[PDB]
Every structure is written in C-alpha cells, then in structure tokens.
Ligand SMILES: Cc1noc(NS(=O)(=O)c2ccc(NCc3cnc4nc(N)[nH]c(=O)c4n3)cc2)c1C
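Below sits a lone chain in structure tokens, taken as the form deposited without this ligand.
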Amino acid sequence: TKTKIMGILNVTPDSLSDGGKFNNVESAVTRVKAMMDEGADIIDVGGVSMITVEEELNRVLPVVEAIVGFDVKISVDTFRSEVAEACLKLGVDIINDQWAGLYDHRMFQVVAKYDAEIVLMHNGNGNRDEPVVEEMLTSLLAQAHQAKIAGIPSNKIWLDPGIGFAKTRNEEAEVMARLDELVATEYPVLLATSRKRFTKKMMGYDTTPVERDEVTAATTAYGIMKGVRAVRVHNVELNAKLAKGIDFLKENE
C-alpha cells in the first residue's frame, strides 16, 4: 500500500513553522488545498503542548469545521477525550494522542466509538529505568493493546516513536537505528522527524529549520525502507514525491 503523507498545519507560530500567516481560517483552507495538491494524504492540525477543554476546542474547532469536508483525512493533536470526541463528531478521521492515551484513558473508547484512527506517540519527561528502545516498545505495545481492547483494529493504531520527546539526541539516534524493531510490532508506524533537533544533528553545520527539509526527506526514504507507513512532514511536496518513488522501488522487491 502507499506511504501516507501527513502534512503539518499549525494554527500558531512555532520555531519550525516557516512563513507566518497563522490563525487565519481562510488562509488555513488555502494552505490545506495547497498541501492536498502537493500530495498530502493527512492534514495534522497542531494542538496544545494547561488551558481548559472549552478553551482547547475554541482553538481547533474553527479550522476543523472548514477543512473536514475536503478529500483528505483530518488529524487533530489532542490528548484529552473531551476535545477528541467533539472533533470526531465533525468528521475528523485521526486523533493524534501525543501521550499515547496515558493522560486520558477514555481516549481509546472515544476513538473506537467513532470508528476512527489513533496515533500513539512515545512521550515522557526523559526518565526511564530501561534502554530507550525497550522502554519505548514496552510503553507503546501496552497502549496499542488498550486501543485494541476498546475495539480499534490494529491497522488503525499508529505508533509514533516520538522523536524530539523524552529522548536525548543520542537516544533518538538509537531509536532511528532500530526502526525495524518498532515496525516489527505490526502496527503502522508514523515517523515524525521533520525539522526537529535530530535533523539538525544530521547536519555537520548549524542550520535553520527550513534548511533541514532535505535531511528530513532522507529520514522519510530511510523510514519507508524500514517499513514505516506514514511520515509527518512540513514540506509535503518534497517528501510526497520522494515517498512515491521509494514506494515504487520497495514494492518492486
């Protein structure tokens, strides 16, 4: 099958966001249409990183209602089931839980209640009593089973290694060197390395976030060869074209 291209749609300016016309619904719809033309299969709406549930809904719901009708899957970054359920009622397809359901266990029964997909990202404060790869697998496998208990199929339970979260630069290199072990879980893996600090370490020289798109595409091609089923990137066009060629060559084997 095809490697899914998840485009990043930030409603607020961050350090990896490039050109800034943010928090405009008409501009977001124009950007979503541009991402679809560049080859994006999924639109990932940025979310909270201690506001209330009503405040978090006020952040995402204007953009969600305007883009949910398009021919592209909508993914919302939220880890609280009250926010996810209101988004799922509007027709969003994916809930990107950056806590893998550890913050709100009701997330699993809510996502299954709407026959949707969920992304489980490895996160934490950086502390662990075991090596990072074994601790990441142990955490994600347990949370992936919780969604499985709730009734979500395995092909709809996405696993994100969480590059840039709860890991040192050396620990991220250990995870990126052993992506086959996470793909071996038979859950679809979502690689998220776009313009993060790990891609800056791939450069021998200091760089800006935009200057890291080519090495981000390198992680995409490297990830697809390792068996990942989707990538979360800023540059949709560069990765989608590169993913299309790698998908052709990998299935050719």
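The first residue of the shown sequence is 1; numbering continues from there.
This next part talks about the form deposited with this ligand bound, which is not shown.
Given this ligand in the deposited bound form, answer whether the residues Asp77, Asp160 and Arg197 all have a heavy atom inside 4.5 Å of it.
-> Each of the three qualifies.
Where, among 178 to 186, 115 to 123, 148 to 156, 80 to 88, do residues come within 4.5 Å of this ligand in the deposited bound form by heavy atom distance?
-> Every other range fails; the passing one is 115 to 123.
Listed residue (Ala192, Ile224, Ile42, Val64) with a non-hydrogen atom within 4.5 angstroms of this ligand in the deposited bound form = Here the answer is residue option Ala192.
At the 4.5 Å heavy atom threshold, is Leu238 in contact with this ligand in the deposited bound form?
-> Heavy-atom contact with this ligand at 4.5 Å: absent for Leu238.
Report whether the minimum heavy atom distance between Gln143 and this ligand in the deposited bound form is within 4.5 Å.
-> Taking the distances in the deposited bound form, the answer for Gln143 is no, it never comes within 4.5 Å of this ligand.
In the deposited bound form, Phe165 touching this ligand (heavy atom, 4.5 Å) | Answer yes; at least one heavy atom of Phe165 falls within 4.5 Å of this ligand in the deposited bound form.
Contact between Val25 and this ligand in the deposited bound form at 4.5 Å, heavy atoms?
-> No - in the deposited bound form, heavy atoms of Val25 and this ligand never come within 4.5 Å of each other.
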